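Q: Below is a structure I'd like to ask you about.
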Amino acid sequence: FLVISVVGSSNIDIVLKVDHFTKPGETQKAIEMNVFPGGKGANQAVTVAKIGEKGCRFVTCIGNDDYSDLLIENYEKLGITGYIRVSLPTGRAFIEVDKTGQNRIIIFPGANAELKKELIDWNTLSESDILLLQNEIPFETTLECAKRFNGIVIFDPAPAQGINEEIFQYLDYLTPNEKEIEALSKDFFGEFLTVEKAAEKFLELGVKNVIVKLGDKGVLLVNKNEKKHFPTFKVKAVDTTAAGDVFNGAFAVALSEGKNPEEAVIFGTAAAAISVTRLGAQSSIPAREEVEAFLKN
Amino acid sequence: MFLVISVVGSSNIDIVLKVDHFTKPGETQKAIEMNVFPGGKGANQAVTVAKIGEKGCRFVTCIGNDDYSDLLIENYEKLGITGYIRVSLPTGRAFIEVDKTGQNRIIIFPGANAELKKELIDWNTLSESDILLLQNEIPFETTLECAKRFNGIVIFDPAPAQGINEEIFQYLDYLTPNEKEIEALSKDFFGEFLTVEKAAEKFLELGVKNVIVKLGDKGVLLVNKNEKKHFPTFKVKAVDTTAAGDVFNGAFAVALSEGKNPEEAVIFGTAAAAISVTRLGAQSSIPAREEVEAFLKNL
């Protein structure tokens, strides 16, 4: 199988349950506070580990704090290696969630902001064949990795802000969701006509494959040779959080096992679909057996 | 020699998240900065007592077993502050979102503070104290039971003013509301708010021995059976009034401990508060005893 590395962000997700969204000037008691391992990078790494069942190499910067210990415990159980501890607080997502389950989020990069080129063990990274990237660490690091990686480079443009055009030519896969491809098109092409056309324009910048994740509507794969729409599974969704992360990790697992990109898209679609039926981010990541039972079923 | 002071109350980590604009529902926003500060009214007062009294402080408080509790223990240890109790809940924390205008909003997780129940109070040890500082940031039943049982001077800072039962007042030697608090308290317990002086008087009728109303710029009002003395404050360039009341209460108590009369103690606390409002922050604003003395001498 091909070896996967994720280079990206780890967060502790601090979920503050409240009756209503706190108003400016208001002091409100949290009904609950619960912490969970998180981060787009980690979510993808955890997906790879759980679905691939061969652990994951995950280059990520965390702190030296309790939350860091918590993440390491999580990583260690899953066979996830490659974390780097720094003296900053672990990256944090402060997630205020009201009684309806709507949320908002303040993100503190913390340790994630220390994941700079100088800390990448490039020799060890060259041992990998597939590389997963997002946009929650310094963009220059993500860019350098995409530039230097000999292997399949998958870039999740999430969030879409702060991305330089130089990265695209180095990508094998660009995996925006619908909101991201819109922002990205406006940004780089000065307009947003459609998903298909935006995807086409990215192929012009050197991106080999665009996979547009379309939620209910499924996924669009666009490359030189085809524009394949893949419908998704009709599930009862409860929480779409991390669905895209799950898609990317499971997609990468499939490629690692020698599946063609279309097969891999189907496999990750299955995984993502299971995940939206569960509350939470990493807690929603299905086990491989669950993904298989889905596709068999 | 000096009277021994105990604080029974709250310890909080204040987590200040600096943002461009208030985060909207459904929005993910990057914090410009995250800065963490020790807080809680109890701790602010204990730290005041320790730093201005220079004899440490007995401070019964519940904290967690987490990194933040470790940081609070280091702070407490260095200042000679003893009596904290560790529990398995997270240390109390407040998540303060501040936009570019300086307007804020706050989510408060009481955590360990909610575990400070009457069953955890070492009453034998507490009876070794002569002055008791209370606020309203732990379960009221605990605050109330302390004020009931304390043989000594009982000082109650009704902060926040909500959730207070009338029973506590008859056990108080000092009630120290600020202006918003005395208003709320008067409305709640006497059905109206006329004036600050009239409210303070009514509290005297419930058995409170002294009311000290903290009026900010306007100074402080002392009300008891024998007098209604207004104390102007010291004209300083204020920058941050955070914890000014906590500093007042702790410094006030230090003065009593050293045998100063309540009027002297008000002056002393006024001076300490006044220096604090000239400095950014809560516990970071607390002056050292020498600073308070240099202030008073300078008049």
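Simple scheme: letters A, B, ... for chains in structure tokens order, numbers from 1 for residues in each chain, numbers from 1 for ligands in the order shown.
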Determine which residues of chain A sit within 10 Å of chain B, taking into account only C-alpha atoms, and present them as JSON, numbers by chain.

A: {"A": [16, 17, 18, 21, 22, 23, 24, 25, 26, 27, 28, 29, 30, 31, 32, 33, 34, 64, 65, 66, 67, 89, 92, 93, 94, 95, 96, 97, 98, 102, 103, 104, 105, 106, 107, 108, 109, 110, 159]}

Q: Please write the residues from the selection above to a file, keeping N, CA and C atoms, as a short mmCIF file (atom, residue, chain, number, x, y, z; two decimals), in the first residue's frame.

A:
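Result went into result_1.cif, see below:
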data_model
loop_
_atom_site.label_atom_id
_atom_site.label_comp_id
_atom_site.auth_asym_id
_atom_site.auth_seq_id
_atom_site.Cartn_x
_atom_site.Cartn_y
_atom_site.Cartn_z
N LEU A 16 -18.63 24.71 24.08
CA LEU A 16 -19.37 25.39 25.11
C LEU A 16 -20.86 25.37 24.77
N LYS A 17 -21.63 24.59 25.51
CA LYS A 17 -23.06 24.52 25.30
C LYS A 17 -23.71 25.65 26.06
N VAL A 18 -24.55 26.41 25.36
CA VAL A 18 -25.26 27.56 25.92
C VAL A 18 -26.73 27.51 25.47
N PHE A 21 -27.06 32.03 21.73
CA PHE A 21 -25.82 32.67 21.41
C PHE A 21 -25.63 33.90 22.30
N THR A 22 -24.47 33.95 22.94
CA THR A 22 -24.14 35.06 23.83
C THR A 22 -24.14 36.38 23.03
N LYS A 23 -24.85 37.38 23.56
CA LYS A 23 -24.97 38.67 22.89
C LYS A 23 -23.83 39.56 23.35
N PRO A 24 -23.47 40.59 22.54
CA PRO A 24 -22.46 41.56 22.98
C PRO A 24 -22.86 42.21 24.31
N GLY A 25 -21.95 42.24 25.29
CA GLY A 25 -22.28 42.84 26.59
C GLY A 25 -22.85 41.84 27.59
N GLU A 26 -23.18 40.64 27.10
CA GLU A 26 -23.84 39.62 27.91
C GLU A 26 -22.81 38.68 28.54
N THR A 27 -23.08 38.28 29.78
CA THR A 27 -22.34 37.24 30.46
C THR A 27 -23.34 36.11 30.56
N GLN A 28 -22.99 34.93 30.07
CA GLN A 28 -23.90 33.78 30.08
C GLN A 28 -23.14 32.59 30.61
N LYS A 29 -23.77 31.78 31.47
CA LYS A 29 -23.16 30.55 31.96
C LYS A 29 -23.21 29.48 30.87
N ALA A 30 -22.11 28.74 30.71
CA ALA A 30 -22.11 27.57 29.85
C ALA A 30 -22.85 26.45 30.60
N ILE A 31 -23.80 25.81 29.91
CA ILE A 31 -24.50 24.64 30.46
C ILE A 31 -23.53 23.48 30.61
N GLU A 32 -22.67 23.30 29.61
CA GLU A 32 -21.62 22.30 29.64
C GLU A 32 -20.38 22.85 28.97
N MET A 33 -19.23 22.30 29.36
CA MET A 33 -18.00 22.43 28.60
C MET A 33 -17.42 21.03 28.41
N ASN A 34 -17.17 20.67 27.16
CA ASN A 34 -16.57 19.39 26.85
C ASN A 34 -15.48 19.63 25.79
N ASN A 64 2.44 21.92 24.92
CA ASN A 64 3.01 21.12 26.01
C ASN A 64 2.02 21.07 27.18
N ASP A 65 0.74 21.29 26.86
CA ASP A 65 -0.31 21.49 27.83
C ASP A 65 -1.20 20.24 27.95
N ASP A 66 -2.13 20.24 28.90
CA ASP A 66 -3.07 19.12 29.09
C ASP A 66 -3.77 18.68 27.82
N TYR A 67 -4.17 19.66 27.02
CA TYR A 67 -4.91 19.37 25.81
C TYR A 67 -4.01 18.63 24.80
N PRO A 89 0.47 27.31 23.59
CA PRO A 89 -0.76 26.56 23.82
C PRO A 89 -1.15 25.77 22.56
N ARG A 92 -6.55 25.79 19.39
CA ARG A 92 -7.87 25.70 20.03
C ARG A 92 -8.97 26.16 19.13
N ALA A 93 -10.09 25.47 19.19
CA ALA A 93 -11.29 25.96 18.57
C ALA A 93 -12.32 26.12 19.65
N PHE A 94 -12.75 27.37 19.89
CA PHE A 94 -13.77 27.65 20.90
C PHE A 94 -15.11 27.68 20.21
N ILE A 95 -15.93 26.69 20.52
CA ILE A 95 -17.13 26.38 19.75
C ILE A 95 -18.33 26.60 20.65
N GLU A 96 -19.04 27.69 20.40
CA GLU A 96 -20.22 28.01 21.16
C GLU A 96 -21.39 27.38 20.42
N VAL A 97 -22.16 26.54 21.11
CA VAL A 97 -23.30 25.86 20.51
C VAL A 97 -24.56 26.11 21.33
N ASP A 98 -25.61 26.63 20.68
CA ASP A 98 -26.85 26.95 21.35
C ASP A 98 -27.75 25.73 21.45
N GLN A 102 -27.06 25.10 16.57
CA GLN A 102 -26.26 26.03 15.78
C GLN A 102 -25.00 26.36 16.56
N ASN A 103 -23.91 26.58 15.84
CA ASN A 103 -22.69 26.97 16.48
C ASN A 103 -21.98 28.11 15.78
N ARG A 104 -20.99 28.63 16.47
CA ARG A 104 -19.97 29.48 15.88
C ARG A 104 -18.67 29.14 16.58
N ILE A 105 -17.58 29.61 15.99
CA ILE A 105 -16.25 29.15 16.33
C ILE A 105 -15.20 30.26 16.27
N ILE A 106 -14.45 30.39 17.36
CA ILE A 106 -13.25 31.18 17.38
C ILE A 106 -12.10 30.20 17.36
N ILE A 107 -11.19 30.43 16.42
CA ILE A 107 -10.03 29.57 16.28
C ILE A 107 -8.78 30.29 16.71
N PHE A 108 -8.03 29.67 17.60
CA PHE A 108 -6.74 30.18 18.00
C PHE A 108 -5.68 29.25 17.46
N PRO A 109 -4.88 29.70 16.50
CA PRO A 109 -3.90 28.85 15.84
C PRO A 109 -2.96 28.18 16.84
N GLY A 110 -2.46 28.98 17.80
CA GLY A 110 -1.58 28.51 18.85
C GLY A 110 -0.41 27.76 18.24
N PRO A 159 -9.71 26.66 5.50
CA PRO A 159 -10.53 27.66 4.84
C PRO A 159 -9.86 28.13 3.54
#

Q: Write out as a list in words which residues come within 6 Å of segment 180-187 of chain B when counting only C-alpha atoms, dropping same-chain ones fewer than 5 positions away.

A: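 Near neighbours after the sequence-gap exclusion: residues 161, 192, 193 and 199 of chain B.
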
Q: Export N, CA, C and O atoms of the chosen residues as a PDB file, in the first residue's frame?

A:
ATOM      1  N   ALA B 161     -24.921  40.127  42.300  1.00  0.00           N
ATOM      2  CA  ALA B 161     -25.974  40.345  43.256  1.00  0.00           C
ATOM      3  C   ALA B 161     -27.073  39.303  43.145  1.00  0.00           C
ATOM      4  O   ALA B 161     -27.912  39.193  44.031  1.00  0.00           O
ATOM      5  N   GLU B 192     -37.963  48.217  45.962  1.00  0.00           N
ATOM      6  CA  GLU B 192     -37.733  49.485  45.284  1.00  0.00           C
ATOM      7  C   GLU B 192     -36.287  49.858  45.468  1.00  0.00           C
ATOM      8  O   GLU B 192     -35.573  49.231  46.253  1.00  0.00           O
ATOM      9  N   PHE B 193     -35.850  50.840  44.692  1.00  0.00           N
ATOM     10  CA  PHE B 193     -34.586  51.503  44.910  1.00  0.00           C
ATOM     11  C   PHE B 193     -34.877  52.987  44.908  1.00  0.00           C
ATOM     12  O   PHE B 193     -35.283  53.540  43.891  1.00  0.00           O
ATOM     13  N   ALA B 199     -31.017  52.490  50.933  1.00  0.00           N
ATOM     14  CA  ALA B 199     -30.867  51.044  50.793  1.00  0.00           C
ATOM     15  C   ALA B 199     -29.903  50.510  51.861  1.00  0.00           C
ATOM     16  O   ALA B 199     -30.159  49.479  52.516  1.00  0.00           O
TER      17      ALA B 199
END

Q: Which residues come within 8 Å of residue 269 of chain B, counting only C-alpha atoms, excluding same-chain residues fewer than 6 positions away, as a PyMOL selection string?

A: chain B and resi 247-252+255

Q: For atom CA of residue 225 of chain A and atom CA of residue 207 of chain A, quote the distance in Å rounded to one decimal.

A: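 Atom-to-atom, atom CA of residue 225 of chain A and atom CA of residue 207 of chain A are spaced 13.2 Å apart.
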
Q: Please give the complete set of residues from segment 211-295 of chain B that DSSP, run on the backbone, assigns to strand (DSSP E), formatted as an MDAnalysis selection string.

A: chainID B and resid 211:214 220:224 227:231

Q: Those same residues - N, CA, C and O atoms - I'd like them written as a CSV table (one decimal), in the first residue's frame.

A:
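Output (out38.csv):
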chain,number,residue,atom,x,y,z
B,211,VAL,N,-22.6,49.0,56.1
B,211,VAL,CA,-22.6,48.9,54.6
B,211,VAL,C,-21.6,49.8,54.1
B,211,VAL,O,-21.5,51.0,54.4
B,212,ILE,N,-20.7,49.3,53.2
B,212,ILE,CA,-19.8,50.1,52.4
B,212,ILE,C,-20.2,50.0,51.0
B,212,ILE,O,-20.1,49.0,50.3
B,213,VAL,N,-20.6,51.2,50.5
B,213,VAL,CA,-21.0,51.2,49.1
B,213,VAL,C,-19.9,51.8,48.2
B,213,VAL,O,-19.5,52.9,48.4
B,214,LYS,N,-19.4,50.9,47.3
B,214,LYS,CA,-18.3,51.4,46.5
B,214,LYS,C,-18.9,52.2,45.3
B,214,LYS,O,-19.6,51.6,44.5
B,220,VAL,N,-16.6,56.2,48.2
B,220,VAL,CA,-17.2,55.1,49.0
B,220,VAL,C,-18.1,55.7,50.0
B,220,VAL,O,-17.8,56.8,50.5
B,221,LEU,N,-19.2,55.0,50.3
B,221,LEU,CA,-20.0,55.4,51.4
B,221,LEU,C,-20.0,54.4,52.5
B,221,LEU,O,-20.2,53.2,52.2
B,222,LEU,N,-19.8,54.8,53.7
B,222,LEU,CA,-19.9,54.0,54.9
B,222,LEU,C,-21.1,54.3,55.6
B,222,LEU,O,-21.3,55.5,55.9
B,223,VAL,N,-21.9,53.3,55.9
B,223,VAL,CA,-23.2,53.5,56.6
B,223,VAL,C,-23.3,52.5,57.8
B,223,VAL,O,-23.2,51.3,57.6
B,224,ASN,N,-23.4,53.0,59.0
B,224,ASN,CA,-23.7,52.2,60.1
B,224,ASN,C,-24.6,53.0,61.1
B,224,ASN,O,-25.0,54.1,60.8
B,227,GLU,N,-23.1,56.5,61.9
B,227,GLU,CA,-22.6,57.5,60.9
B,227,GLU,C,-22.9,57.1,59.5
B,227,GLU,O,-23.1,55.9,59.1
B,228,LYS,N,-22.9,58.1,58.6
B,228,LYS,CA,-23.1,57.9,57.2
B,228,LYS,C,-22.0,58.7,56.5
B,228,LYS,O,-22.2,59.8,56.0
B,229,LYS,N,-20.7,58.2,56.6
B,229,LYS,CA,-19.6,59.0,56.2
B,229,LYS,C,-19.2,58.8,54.7
B,229,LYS,O,-19.1,57.6,54.3
B,230,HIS,N,-19.2,59.8,53.9
B,230,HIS,CA,-18.7,59.7,52.6
B,230,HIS,C,-17.2,60.0,52.5
B,230,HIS,O,-16.8,61.0,53.1
B,231,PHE,N,-16.5,59.1,51.8
B,231,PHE,CA,-15.1,59.2,51.6
B,231,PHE,C,-14.9,59.4,50.1
B,231,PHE,O,-15.1,58.6,49.3

Q: To test your reading of the structure, identify every residue in segment 90-242 of chain B that backbone DSSP assigns to helix (DSSP H, G or I), and report it as a VMD selection string.

A: chain B and resid 111 to 115 118 to 120 123 to 126 140 to 149 166 to 171 179 to 190 196 to 206 216 to 218

Q: Store the residues picked out above in a file with C-alpha atoms, as a PDB file, in the first residue's frame.

A:
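Below is the file that was written, selection.pdb:
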ATOM      1  CA  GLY B 111     -16.411  24.247  37.023  1.00  0.00           C
ATOM      2  CA  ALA B 112     -14.560  23.538  40.241  1.00  0.00           C
ATOM      3  CA  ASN B 113     -16.106  26.618  41.923  1.00  0.00           C
ATOM      4  CA  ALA B 114     -19.473  24.831  41.959  1.00  0.00           C
ATOM      5  CA  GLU B 115     -17.949  22.048  44.039  1.00  0.00           C
ATOM      6  CA  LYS B 118     -20.429  23.252  52.932  1.00  0.00           C
ATOM      7  CA  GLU B 119     -19.114  19.692  53.427  1.00  0.00           C
ATOM      8  CA  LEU B 120     -15.663  20.732  52.145  1.00  0.00           C
ATOM      9  CA  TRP B 123     -14.496  24.548  60.066  1.00  0.00           C
ATOM     10  CA  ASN B 124     -11.918  23.778  62.739  1.00  0.00           C
ATOM     11  CA  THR B 125      -9.222  25.433  60.627  1.00  0.00           C
ATOM     12  CA  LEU B 126     -11.563  28.254  59.581  1.00  0.00           C
ATOM     13  CA  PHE B 140     -24.632  30.418  48.006  1.00  0.00           C
ATOM     14  CA  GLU B 141     -25.278  27.743  50.628  1.00  0.00           C
ATOM     15  CA  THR B 142     -21.564  27.627  51.316  1.00  0.00           C
ATOM     16  CA  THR B 143     -21.196  31.374  51.489  1.00  0.00           C
ATOM     17  CA  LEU B 144     -24.240  31.517  53.719  1.00  0.00           C
ATOM     18  CA  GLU B 145     -23.091  28.723  56.017  1.00  0.00           C
ATOM     19  CA  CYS B 146     -19.685  30.425  56.443  1.00  0.00           C
ATOM     20  CA  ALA B 147     -21.267  33.779  57.315  1.00  0.00           C
ATOM     21  CA  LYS B 148     -23.579  31.952  59.744  1.00  0.00           C
ATOM     22  CA  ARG B 149     -20.878  29.974  61.502  1.00  0.00           C
ATOM     23  CA  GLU B 166     -32.080  37.367  52.722  1.00  0.00           C
ATOM     24  CA  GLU B 167     -30.888  35.122  55.529  1.00  0.00           C
ATOM     25  CA  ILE B 168     -27.229  36.073  55.065  1.00  0.00           C
ATOM     26  CA  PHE B 169     -27.549  39.762  55.940  1.00  0.00           C
ATOM     27  CA  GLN B 170     -28.100  39.446  59.713  1.00  0.00           C
ATOM     28  CA  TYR B 171     -24.759  37.577  59.934  1.00  0.00           C
ATOM     29  CA  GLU B 179     -23.672  50.959  42.896  1.00  0.00           C
ATOM     30  CA  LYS B 180     -25.281  48.532  40.431  1.00  0.00           C
ATOM     31  CA  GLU B 181     -25.347  45.853  43.114  1.00  0.00           C
ATOM     32  CA  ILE B 182     -26.961  47.940  45.818  1.00  0.00           C
ATOM     33  CA  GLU B 183     -29.653  48.863  43.254  1.00  0.00           C
ATOM     34  CA  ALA B 184     -30.375  45.269  42.343  1.00  0.00           C
ATOM     35  CA  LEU B 185     -30.280  44.234  46.015  1.00  0.00           C
ATOM     36  CA  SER B 186     -32.647  47.038  47.050  1.00  0.00           C
ATOM     37  CA  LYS B 187     -35.152  46.203  44.309  1.00  0.00           C
ATOM     38  CA  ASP B 188     -34.987  42.498  45.214  1.00  0.00           C
ATOM     39  CA  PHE B 189     -35.201  42.758  48.996  1.00  0.00           C
ATOM     40  CA  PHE B 190     -37.005  46.017  49.670  1.00  0.00           C
ATOM     41  CA  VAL B 196     -27.982  54.365  47.899  1.00  0.00           C
ATOM     42  CA  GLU B 197     -28.113  55.773  51.447  1.00  0.00           C
ATOM     43  CA  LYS B 198     -31.692  54.556  52.006  1.00  0.00           C
ATOM     44  CA  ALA B 199     -30.867  51.044  50.793  1.00  0.00           C
ATOM     45  CA  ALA B 200     -27.773  50.836  52.972  1.00  0.00           C
ATOM     46  CA  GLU B 201     -29.969  51.860  55.902  1.00  0.00           C
ATOM     47  CA  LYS B 202     -32.442  49.086  55.210  1.00  0.00           C
ATOM     48  CA  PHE B 203     -29.674  46.550  55.210  1.00  0.00           C
ATOM     49  CA  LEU B 204     -28.764  47.811  58.686  1.00  0.00           C
ATOM     50  CA  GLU B 205     -32.361  46.902  59.648  1.00  0.00           C
ATOM     51  CA  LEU B 206     -31.842  43.293  58.523  1.00  0.00           C
ATOM     52  CA  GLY B 216     -16.213  54.323  41.677  1.00  0.00           C
ATOM     53  CA  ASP B 217     -15.209  57.963  40.991  1.00  0.00           C
ATOM     54  CA  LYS B 218     -17.580  59.157  43.651  1.00  0.00           C
TER      55      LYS B 218
END

Q: Considering only C-alpha atoms, return as a PyMOL selection string whatever protein or nucleic-acid residues lie within 8 Å of segment 117-133 of chain A, sequence-local ones (same chain, fewer than 3 positions apart) excluded.

A: chain A and resi 2-8+41+44+59+140-142+144+149-156+248-249+252+256

Q: Can you measure atom CA of residue 242 of chain B to atom CA of residue 292 of chain B for me? One decimal in Å is fine.

A: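 Here the two named atoms are 17.7 Å from each other.
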
Q: For residue 259 of chain B, list every protein, DNA or RNA residue within 10 Å, evaluated using only C-alpha atoms, and leave out those in the same chain fewer than 4 positions away; present the list as a PDB file with N, CA and C atoms, in the first residue's frame.

A:
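Result file follows (selection_20.pdb):
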ATOM      1  N   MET B   1      -1.682  39.584  67.701  1.00  0.00           N
ATOM      2  CA  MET B   1      -0.932  40.589  66.888  1.00  0.00           C
ATOM      3  C   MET B   1      -1.871  41.170  65.849  1.00  0.00           C
ATOM      4  N   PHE B   2      -1.787  40.623  64.648  1.00  0.00           N
ATOM      5  CA  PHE B   2      -2.692  40.998  63.593  1.00  0.00           C
ATOM      6  C   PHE B   2      -3.816  39.978  63.596  1.00  0.00           C
ATOM      7  N   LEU B   3      -4.965  40.375  63.078  1.00  0.00           N
ATOM      8  CA  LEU B   3      -6.094  39.462  62.937  1.00  0.00           C
ATOM      9  C   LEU B   3      -5.887  38.605  61.687  1.00  0.00           C
ATOM     10  N   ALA B 253      -9.715  44.792  54.433  1.00  0.00           N
ATOM     11  CA  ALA B 253      -9.595  43.717  55.405  1.00  0.00           C
ATOM     12  C   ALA B 253      -8.204  43.678  56.062  1.00  0.00           C
ATOM     13  N   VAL B 254      -7.153  43.897  55.264  1.00  0.00           N
ATOM     14  CA  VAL B 254      -5.769  44.041  55.760  1.00  0.00           C
ATOM     15  C   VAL B 254      -5.661  45.115  56.817  1.00  0.00           C
ATOM     16  N   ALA B 255      -6.285  46.261  56.556  1.00  0.00           N
ATOM     17  CA  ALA B 255      -6.318  47.364  57.498  1.00  0.00           C
ATOM     18  C   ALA B 255      -6.987  46.984  58.832  1.00  0.00           C
ATOM     19  N   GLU B 264     -10.448  54.429  58.913  1.00  0.00           N
ATOM     20  CA  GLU B 264      -9.054  54.276  58.476  1.00  0.00           C
ATOM     21  C   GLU B 264      -8.939  53.181  57.425  1.00  0.00           C
ATOM     22  N   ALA B 265      -9.607  52.054  57.669  1.00  0.00           N
ATOM     23  CA  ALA B 265      -9.548  50.926  56.742  1.00  0.00           C
ATOM     24  C   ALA B 265     -10.139  51.267  55.388  1.00  0.00           C
TER      25      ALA B 265
END

Q: Report as number ranges by chain all protein, DNA and RNA residues lying within 8 Å of residue 201 of chain A, evaluated on only C-alpha atoms, omitting residues in the same chain fewer than 4 positions from it.

A: A: 189, 197, 205

Q: Rounded to one decimal place, report the atom CA of residue 36 of chain B-atom CA of residue 135 of chain A distance in Å.

A: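 Separation between atom CA of residue 36 of chain B and atom CA of residue 135 of chain A: 26.3 Å.
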
Q: Set the distance at 7 Å and use only C-alpha atoms: which residues neighbour residue 221 of chain A once local chain neighbours fewer than 2 positions away are removed? I'd like the list as a PyMOL selection string.

A: chain A and resi 209-212+219+223+227-229

Q: Counting only C-alpha atoms, which of A:12, A:194, A:251, A:80 gets nearest to residue 111 of chain A?

A: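 Nearest to residue 111 of chain A: A:12.
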